[PDB]
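Reviewing the structure listed below.
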Amino acid sequence: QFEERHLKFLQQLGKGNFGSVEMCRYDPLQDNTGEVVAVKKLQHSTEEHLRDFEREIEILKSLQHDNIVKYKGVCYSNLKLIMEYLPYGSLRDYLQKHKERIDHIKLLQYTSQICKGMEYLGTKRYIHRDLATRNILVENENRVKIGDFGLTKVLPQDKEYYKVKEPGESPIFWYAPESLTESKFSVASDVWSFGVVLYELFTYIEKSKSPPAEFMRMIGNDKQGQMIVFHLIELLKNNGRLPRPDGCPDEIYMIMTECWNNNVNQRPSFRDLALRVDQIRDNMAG
Ligand SMILES: Cc1cc(NC(=O)c2cnn3cccnc23)n(-c2cccc(Cl)c2)n1
């Protein structure tokens, strides 16, 4: 539906996994009245990555929710995914730049919207596998959207988990234990990663407080490569956990820690997380 020749490059926005996203103007009348859109492409096209990308596109096309980035279409010559452009960029960058202006009530509004977008995903038996603030986008001051689905899988019909081990860089510092040890991904592992997203938000993305920096400090920074994952596994098994962020209330920390349960079946559901967060937001209005 979108023709290559009318897509004008404006800037690179970011890179992630094996994808790249650009700001472009789609201007088929060539009178500079077209809309700005976001365009996702493969950094390096292979046959493997293209088939994954096609599935990614079909996944996003299938999702319609206030807190999920909107699909607009595709562009063929090398496949490109065209999405709505959200002008405040990624939540990771936004939070960092505006920390002095974003309060806890606002972080909890973002948290609630993330939970609802995630509950909608589970409704379609989709496992996100990559929840992190870098993957959430800001539409305006009062609304975020889950903004990338690069690693998202559909559960098989007969199982509540999906086993996968991709080559490359895995975001191991957001992973549930059973994802690290067994390569199992489920709604419950997404709940684990949501807890890390919640941790991220309450750190306001202070660099020295990122999950990689805190876990690497807990493991020892002398560790390289293959030994990191092994020491991370042992840490989590021994109930090593990210600390409570500066300023975070106990009740918000308890949500995180409950998400970070080694027992996959004892982690809360996305519907219950939303309820609890919304109840805490309501208790801050009075
Ligand atoms: C620093 C950075 C900025 C962005 N994005 C955007 O500002 C953006 C705006 N509308 N929009 C739509 C869809 C996707 N992204 C956007 N990203 C990024 C986000 C997701 C995936 C990837 Cl690979 C990068 N990183």
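If you're wondering about the labels, chains in the structure tokens are A, B, ... by order shown, residues count from 1 in each chain, ligands from 1 in order shown.
The protein and nucleic acid residues lying at most 9 Å from residue 65 in chain A are residues 116, 117, 120 and 145 of chain A, with only C-alpha atoms considered and sequence neighbours fewer than 6 positions away removed.
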Who sits within 12 Å of residue 82 in chain A, only C-alpha atoms, same chain under 4 positions skipped, as a PyMOL selection string
chain A and resi 1-4+7+20-26+35-41+57+60-61+69-76
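Shortest separation to residue 58 in chain A among A:162, A:202, A:174, A:126 occurs at residue A:126, atoms counted being only C-alpha atoms.
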Can you list, as a ChimeraX atom specification, every residue of range 54-193 of chain A that DSSP puts in strand (DSSP E or B)?
/A:68,71-75,80-84,90,126-127,136-140,143-146,153-154,162-163,184-185
For ligand 1, collect every residue having any atom at a distance of at most 7 Å from a ligand atom (counting only C-alpha atoms and all ligand atoms); output as a VMD selection string.
chain A and resid 13 to 17 19 to 21 38 69 83 to 90 93 134 to 137 147 to 148
Between CA of residue 255 in chain A and CA of residue 163 in chain A, what is the distance, to one decimal in Å?
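Between these atoms lies a distance of 26.6 Å.
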Which residues are close to residue 124 in chain A, i.e. within 12 Å by only C-alpha atoms, leaving aside same-chain residues fewer than 3 positions away? Reply as number ranges by chain.
A: 59-60, 62-64, 117-121, 127-128, 152-157, 187
For the residues in the current selection, export N, CA and C atoms as a PDB file, in the first residue's frame.
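Listed below is the output, again-v8.pdb:
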ATOM      1  N   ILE A  59       1.698 -10.462  13.211  1.00  0.00           N
ATOM      2  CA  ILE A  59       1.374 -10.263  14.623  1.00  0.00           C
ATOM      3  C   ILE A  59       0.864  -8.831  14.879  1.00  0.00           C
ATOM      4  N   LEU A  60       1.595  -7.823  14.415  1.00  0.00           N
ATOM      5  CA  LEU A  60       1.218  -6.432  14.710  1.00  0.00           C
ATOM      6  C   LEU A  60      -0.067  -6.058  14.009  1.00  0.00           C
ATOM      7  N   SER A  62      -2.481  -7.960  13.419  1.00  0.00           N
ATOM      8  CA  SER A  62      -3.549  -8.563  14.200  1.00  0.00           C
ATOM      9  C   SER A  62      -3.896  -7.846  15.528  1.00  0.00           C
ATOM     10  N   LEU A  63      -3.112  -6.852  15.947  1.00  0.00           N
ATOM     11  CA  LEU A  63      -3.330  -6.222  17.255  1.00  0.00           C
ATOM     12  C   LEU A  63      -3.923  -4.815  17.134  1.00  0.00           C
ATOM     13  N   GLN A  64      -5.016  -4.565  17.855  1.00  0.00           N
ATOM     14  CA  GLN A  64      -5.680  -3.261  17.846  1.00  0.00           C
ATOM     15  C   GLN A  64      -6.029  -2.852  19.270  1.00  0.00           C
ATOM     16  N   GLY A 117      -2.044  -3.345  27.731  1.00  0.00           N
ATOM     17  CA  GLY A 117      -1.530  -3.783  26.432  1.00  0.00           C
ATOM     18  C   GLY A 117      -1.032  -5.223  26.523  1.00  0.00           C
ATOM     19  N   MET A 118      -0.351  -5.565  27.617  1.00  0.00           N
ATOM     20  CA  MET A 118       0.134  -6.939  27.799  1.00  0.00           C
ATOM     21  C   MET A 118      -0.977  -7.957  28.022  1.00  0.00           C
ATOM     22  N   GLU A 119      -2.025  -7.582  28.748  1.00  0.00           N
ATOM     23  CA  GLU A 119      -3.163  -8.499  28.914  1.00  0.00           C
ATOM     24  C   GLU A 119      -3.810  -8.774  27.565  1.00  0.00           C
ATOM     25  N   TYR A 120      -3.944  -7.737  26.748  1.00  0.00           N
ATOM     26  CA  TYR A 120      -4.491  -7.945  25.413  1.00  0.00           C
ATOM     27  C   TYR A 120      -3.641  -8.951  24.634  1.00  0.00           C
ATOM     28  N   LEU A 121      -2.315  -8.850  24.732  1.00  0.00           N
ATOM     29  CA  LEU A 121      -1.438  -9.836  24.065  1.00  0.00           C
ATOM     30  C   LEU A 121      -1.711 -11.271  24.491  1.00  0.00           C
ATOM     31  N   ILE A 127       3.268 -14.179  23.276  1.00  0.00           N
ATOM     32  CA  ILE A 127       4.319 -13.935  24.266  1.00  0.00           C
ATOM     33  C   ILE A 127       5.291 -12.908  23.699  1.00  0.00           C
ATOM     34  N   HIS A 128       5.462 -11.801  24.412  1.00  0.00           N
ATOM     35  CA  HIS A 128       6.260 -10.687  23.900  1.00  0.00           C
ATOM     36  C   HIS A 128       7.741 -10.956  23.849  1.00  0.00           C
ATOM     37  N   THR A 152       8.314 -11.517  19.489  1.00  0.00           N
ATOM     38  CA  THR A 152       7.042 -12.028  19.931  1.00  0.00           C
ATOM     39  C   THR A 152       6.705 -13.345  19.227  1.00  0.00           C
ATOM     40  N   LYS A 153       6.282 -14.332  20.007  1.00  0.00           N
ATOM     41  CA  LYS A 153       5.871 -15.626  19.474  1.00  0.00           C
ATOM     42  C   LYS A 153       4.431 -15.937  19.850  1.00  0.00           C
ATOM     43  N   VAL A 154       3.773 -16.760  19.038  1.00  0.00           N
ATOM     44  CA  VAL A 154       2.477 -17.320  19.366  1.00  0.00           C
ATOM     45  C   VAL A 154       2.674 -18.663  20.084  1.00  0.00           C
ATOM     46  N   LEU A 155       1.992 -18.873  21.203  1.00  0.00           N
ATOM     47  CA  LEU A 155       2.061 -20.161  21.881  1.00  0.00           C
ATOM     48  C   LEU A 155       1.512 -21.276  20.983  1.00  0.00           C
ATOM     49  N   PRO A 156       2.063 -22.496  21.103  1.00  0.00           N
ATOM     50  CA  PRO A 156       1.370 -23.569  20.392  1.00  0.00           C
ATOM     51  C   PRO A 156       0.028 -23.817  21.061  1.00  0.00           C
ATOM     52  N   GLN A 157      -0.902 -24.423  20.329  1.00  0.00           N
ATOM     53  CA  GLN A 157      -2.264 -24.664  20.830  1.00  0.00           C
ATOM     54  C   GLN A 157      -2.322 -25.521  22.089  1.00  0.00           C
ATOM     55  N   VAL A 187       3.462 -16.354  29.359  1.00  0.00           N
ATOM     56  CA  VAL A 187       2.900 -15.165  29.932  1.00  0.00           C
ATOM     57  C   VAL A 187       3.651 -14.848  31.238  1.00  0.00           C
TER      58      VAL A 187
END
